[PDB]
Amino acid sequence: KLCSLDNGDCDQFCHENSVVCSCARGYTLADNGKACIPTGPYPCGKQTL
Amino acid sequence: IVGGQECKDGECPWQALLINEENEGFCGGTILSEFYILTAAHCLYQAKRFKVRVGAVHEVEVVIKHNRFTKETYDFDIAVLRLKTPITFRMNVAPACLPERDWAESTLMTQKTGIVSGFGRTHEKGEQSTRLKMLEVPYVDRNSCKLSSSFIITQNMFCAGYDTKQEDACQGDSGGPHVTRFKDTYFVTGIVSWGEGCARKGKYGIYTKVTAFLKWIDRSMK
Ligand SMILES: C[N+](C)(C)CCCN1C(=O)[C@@H]2[C@H](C1=O)[C@H](c1ccc(C(=N)N)cc1)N1CCC[C@@H]21
Ligand code: NA
């Protein structure tokens, strides 16, 4: 239910009650439990800018 | 790539190129990590010997091709290459993300479009591109695709592209990336697999469905 509406406000992975967000390898879940923060200069899936 | 546009510098950094002994490209790949490249199993039959170019040239240590690959249907068209020397990430050289399977099925595969890229032919009966190109391809309804196709479409394949509009991947792009953008992050969703010609009317591009192989990929990268 909840992940099917704007992805539960998660930046990346959403699972369900309540919403639980997670992130790909090389990212850390932000304090807000929604956003995904890179750990290095070349995280996966980002264009190089 | 027929149609689409050239990638800006840094816009398509996960692209790899498989090159023969004379430094001529014949297939694409996707950077997954410093040591691993995703490509199509059918690309393993295109040259006697090959290496991988990013952006630097890297030799292959191990070829891990799917045990169920069939040349007749292109079912299970997936391989992973482990490189002898690690890739240095830098401008134009960075990996695409591997999604979680459940989320990828429910959320990525249900986006309207993905992005295919490569150095392959710019017309079915034309020449390869010197510059890297990209193309946004709509996901295509499975029933629509089965209706269009002279050959079997399995659960390990999906279709993307256009019915009549003259844009598609082509010879020399195969093995290359199909990625899906989700809030500015690009996830691996496909491998350029096959098509009946390139950009033909009433025909789509056919892609290896990566969601079917996420466990297999994790196992192969250990
Ligand atoms: C599935 N069956 C066996 C019926 C058709 C395979 C034909 N052909 C190839 O052999 C590969 C692949 C392809 O479709 C491939 C290819 C991949 C994608 C497209 C496209 N999207 N238009 C076209 C050709 N060719 C380029 C380099 C090798 C060949
Ligand atoms: Na078409």
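Hydrogens, waters and symmetry mates play no part in the numbers below; they use all other heavy atoms, side chains included. Naming: A, B, ... by sequence-line order, numbering from 1 per chain.
In terms of heavy atoms, A:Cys36 sits closest to A:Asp11 at N-OD2, 3.0 Å. Taking each heavy atom of B:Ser174 and B:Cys43 in turn, the nearest pair found is O-SG, 3.3 Å. When all heavy atoms are compared, the tightest approach of B:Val192 to B:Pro177 is CG2-O, 4.3 Å.
Using modelled atom types, one finds no donor on one side chain facing an acceptor on the other under 3.5 Å when comparing B:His42 with B:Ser193. Under 3.5 Å, the side chains of B:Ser117 and B:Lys133 contain no donor-acceptor pair of N or O atoms.
In this structure, the side chain of B:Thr122 does not engage the main chain of B:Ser129 through any donor-acceptor pair within 3.5 Å. Side chain of B:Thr185 to main chain of A:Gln12: no donor-acceptor pair is present (N/O by atom type, distance under 3.5 Å, no hydrogens or angles). A donor-acceptor pair under 3.5 Å links the side-chain atoms of B:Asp173 to the main chain of B:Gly120, judged by distance alone. For A:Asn32 (side chain) and A:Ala35 (main-chain N/O), a donor-acceptor pair under 3.5 Å exists by modelled atom type. The backbone N or O of B:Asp75 lies less than 3.5 Å from no partner atom in the side chain of B:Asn156, so there is not a single donor-acceptor pair. Here the side chain of A:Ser4 pairs a donor or acceptor atom with the backbone of A:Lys1 at under 3.5 angstrom. Not a single donor-acceptor pair under 3.5 Å links the side chain of B:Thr70 to the backbone N or O of B:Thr73. A donor-acceptor pair is defined here as one N or O able to donate and one able to accept, closer than 3.5 Å; such a pair exists between the side chain of A:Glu16 and the backbone of A:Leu2. A distance-only check finds a donor-acceptor pair linking the side chain of B:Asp141 to the backbone of B:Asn143 [under 3.5 Å]. In this structure a side-chain-to-backbone donor-acceptor pair under 3.5 Å is present from B:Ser148 to B:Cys145.
Annotation: the span from B:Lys8 atom NZ to B:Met134 atom CE amounts to 10.0 Å, rounded to 0.5 Å. Remark: B:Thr39 OG1 to B:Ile191 CD1 distance equals 7.0 Å, nearest 0.5 Å. To the nearest 0.5 Å, atom CG of residue B:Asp77 and atom CZ of residue B:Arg68 are 16.0 Å apart. The distance from atom CZ of B:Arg181 to atom OG1 of B:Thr113, rounded to the nearest 0.5 Å, is 9.0 Å. A distance of 14.0 Å separates NZ in B:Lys215 from OG in B:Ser220, rounded to the nearest 0.5 Å. For the atom pair CG (B:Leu38) and CE (B:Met221), the distance works out to 9.0 Å, reported to the nearest 0.5 Å.
Environment of CZ in B:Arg219: sparse, with no more than 12 heavy atoms of neighbouring residues, nucleotides or ligands closer than 6.0 Å.
Considering only heavy atoms from C-beta on, B:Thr107 comes within 4.5 Å of A:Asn7 through its side chain. Side chains of A:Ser22 and B:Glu100 form a contact here, defined as non-hydrogen atoms less than 4.5 Å apart. Two residues are said to be in side-chain contact when any heavy atoms from C-beta on lie closer than 4.5 Å; B:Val80 and B:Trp216 meet this criterion. Looking at heavy atoms from C-beta onward, A:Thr28 lies out of side-chain contact with A:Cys23 at the 4.5 angstrom threshold. Using a 4.5 Å heavy-atom threshold, the side chains of B:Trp14 and A:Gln47 count as touching. Taking 4.5 Å as the limit, some side-chain heavy atom of A:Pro43 sits within range of a side-chain heavy atom of A:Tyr27. Within the 4.5 Å cutoff, no side-chain heavy atoms of B:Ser33 are placed close to those of B:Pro95. Considering only heavy atoms from C-beta on, B:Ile217 comes within 4.5 Å of B:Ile78 through its side chain.
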Checklist entry - When you look at B:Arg53 and B:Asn23, which way does the side chain to side chain contact (heavy atoms under 4.5 Å, CB included) test go after all the steps? => result CA-CA 9 Å; B:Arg53 187 190 290 272; B:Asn23 300 355; 3.8 Å; yes
Item to check | Worked check of side chain to side chain contact (heavy atoms under 4.5 Å, CB included) between B:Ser150 and B:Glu196 | outcome: CA-CA 8 Å; B:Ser150 290; B:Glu196 298 183 58; 3.1 Å; yes
Checklist entry - Could you walk me through whether B:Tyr186 and A:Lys46 pass the side chain to side chain contact (heavy atoms under 4.5 Å, CB included) check? => result CA-CA 7 Å; B:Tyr186 294 83; A:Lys46 298 291 182 181; over 6 Å; no
Checklist entry - Under the side chain to side chain contact (heavy atoms under 4.5 Å, CB included) criterion, do B:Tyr207 and B:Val137 qualify, and how do the steps go? => result CA-CA 11 Å; B:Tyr207 296 76; B:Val137 281; 4.3 Å; yes
Item to check | Criterion ring-ring contact (aromatic ring centres under 6.0 Å, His included) on B:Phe187 and B:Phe182, from CA distance to verdict | outcome: CA-CA 8 Å; B:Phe187 290 91; B:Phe182 187 82; 7.3 Å; no
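Hydrophobic clustering (side-chain heavy atoms under 4.5 Å, transitive across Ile, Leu, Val, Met, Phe, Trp, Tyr) keeps A:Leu29 apart from A:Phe13. Cluster annotation: B:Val188 and B:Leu108 are assigned to distinct hydrophobic clusters (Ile/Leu/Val/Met/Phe/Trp/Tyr, side-chain heavy-atom contacts under 4.5 Å, transitive). The cluster map of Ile, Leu, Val, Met, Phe, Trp and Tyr, joined by side-chain heavy atoms under 4.5 Å apart, puts B:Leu32 and B:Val210 in the same cluster. Under a hydrophobic clustering in which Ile, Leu, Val, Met, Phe, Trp and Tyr are joined whenever their side-chain heavy atoms come within less than 4.5 Å, directly or via other members, B:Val140 and B:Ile115 fall into different clusters. Each of B:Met109 and B:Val179 belongs to its own hydrophobic cluster when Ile, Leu, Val, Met, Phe, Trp and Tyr are linked at side-chain heavy-atom distances under 4.5 angstrom.
Checked against a 6.0 Å centroid threshold, the rings of B:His178 and B:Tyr139 count as neighbours. You'll find the ring centres of B:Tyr204 and B:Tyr162 outside the 6.0 Å limit.
Between B:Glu61 and B:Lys84, none of the side-chain N atoms (NZ, or NE/NH1/NH2) sits under 4.0 Å from a carboxylate O, so this pair counts as no salt bridge. Checked for salt-bridge contact, B:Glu124 and B:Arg200 meet the test: a charged N lies under 4.0 Å from a carboxylate O.
When hydrophobic side chains of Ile, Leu, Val, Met, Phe, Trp and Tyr are connected at separations under 4.5 Å, B:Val52 ends up clustered with A:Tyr42, B:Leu18, B:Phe26, B:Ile31, B:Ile37, B:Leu44, B:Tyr45, B:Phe50, B:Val54, B:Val60, B:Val63, B:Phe69, B:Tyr74, B:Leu81, B:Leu83, B:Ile87, B:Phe89, B:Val93, B:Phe151, B:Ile153, B:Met157, B:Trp194, B:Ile206.
When the SG-SG distance for A:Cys14 and A:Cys21 is compared with the 2.5 Å cut-off, it comes out at or above that value.
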